[PDB]
Amino acid sequence: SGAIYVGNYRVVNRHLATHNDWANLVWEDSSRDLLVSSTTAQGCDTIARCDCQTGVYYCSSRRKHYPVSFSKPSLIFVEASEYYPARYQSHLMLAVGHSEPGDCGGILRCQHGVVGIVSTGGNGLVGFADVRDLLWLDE
Ligand SMILES: COc1cccnc1CC(=O)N1CCC[C@H](C(N)=O)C1
Ligand SMILES: [Zn+2]
């Protein structure tokens, strides 16, 4: 679990969005596993606007943060799960690091701010949904 709170927006994994997220929907994209909903309170986070390929993510299955080197956002094949058919997920960045299904939502940060959230993984890999291209989150 996990979310990014920026301005009057809440960013979550689309597959973990709640009834309240869908009732306050701003934007969603199944191909990116992202959903953004509106909030009444002002957020606590800020978004990186950079090309960093190193950062630190929170891993809830170890209660710890780990440093990672991650690939640029790209179209990556993701196996079928209980939430999606087998498909290409876009704007996804892979890294070597521990992750389990419940780790989705953990934040990845670089020195400039929030880069993305855990969205996929397996066998010593962890994949993050990028949010740095969503310029409208800041306005
Ligand atoms: C962090 O997730 C891990 C980690 C290790 C092993 N299986 C997972 C789960 C996983 O990859 N997915 C299930 C939920 C939806 C995901 C998606 N974006 O399509 C795919
Ligand atoms: Zn950065």
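Residues numbered from 1 in each chain as written, not as in the entry; some residues may be left out. Chains lettered and ligands numbered in written order. Heavy atoms only, no water.

What the deposited record gives as its method is X-ray crystallography, and the resolution it gives is 1.539 Å.

(A) Layout of the coordination of the zinc ion (ligand 2). Here the zinc ion (ligand 2) is held by the protein donor atoms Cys50 (SG), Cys52 (SG), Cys110 (SG) and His112 (ND1), which lie 2.1 to 2.4 Å from it. One can describe the site at the zinc ion (ligand 2) as tetrahedral: its 4 donor atoms subtend angles covering 103 to 115° at the metal. Taken in sequence order, the residues that donate to the zinc ion (ligand 2) follow the motif C-x1-C-x57-C-x1-H. We classify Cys110 as buried; its relative accessible area is 11%. (Donors = N, O, S within 2.8 Å, 3.2 Å for Na, K, Ca; no water. Tetrahedral: all angles 85-135°; square planar, octahedral: opposite > 155°, others 65-115°. Buried < 20%, exposed > 50% of the residue type's maximum accessible area, 1.4 Å probe, protein only.)

(B) Highlighting a nonpolar patch on the surface. A contiguous nonpolar surface patch, about 380 Å² in accessible area, is contributed by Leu75, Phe77 and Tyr88. Positionally, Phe77 belongs in strand β7 (residues 74-78). (Patch = residues over 30% accessible without salt bridge, like charges linked within 9 Å, V, L, I, M, F, W, Y side chains within 5 Å. Areas by Shrake-Rupley, 256 points an atom, 1.4 Å probe, with all protein chains shown as cover. Salt bridge = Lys/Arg side-chain N within 4 Å of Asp/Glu carboxyl O. Helix = DSSP H or I, 4+ residues; strand = E, 2+ residues; numbered from the N terminus.)

(C) Structural context of the site of ligand 1. With respect to spatial proximity, 17 residues lie near ligand 1, and among them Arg87, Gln89, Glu100, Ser119 and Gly121 are the closest. Contact distances for ligand 1 include 3.1 Å between an oxygen atom and a side-chain N or O atom of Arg87. Between ligand 1 and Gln89 there is a distance of 2.9 Å, counted from a nitrogen atom to a side-chain nitrogen or oxygen. Within the complex, 87% of the 470 Å² of free accessible area of ligand 1 lies under protein. For the shell around ligand 1, the secondary structure elements donating two or more residues are β8 (87-96) and β10 (113-122). (Near = heavy atom within 4 Å. Polar contact = N/O pair within 3.5 Å; in protein donor to acceptor, adjacent residues only side chain to side chain.)

(D) The pairing of strand β5 (residues 54-59), seen in detail. Here β5 shows a clear split, with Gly55, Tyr57 and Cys59 buried on one side and none of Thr54, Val56 and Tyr58 buried on the other. In the sheet, β5 pairs with strand β6 (residues 64-69) via 6 bridges, with the strands oriented antiparallel. Counterpart to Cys59 in the pairing with β6 is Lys64. Connecting β5 to the antiparallel partner β6 that follows it, the hairpin turn spans 4 residues, and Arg63 within it adopts a positive phi of roughly 50°. (Pairing = 2+ DSSP bridges.)

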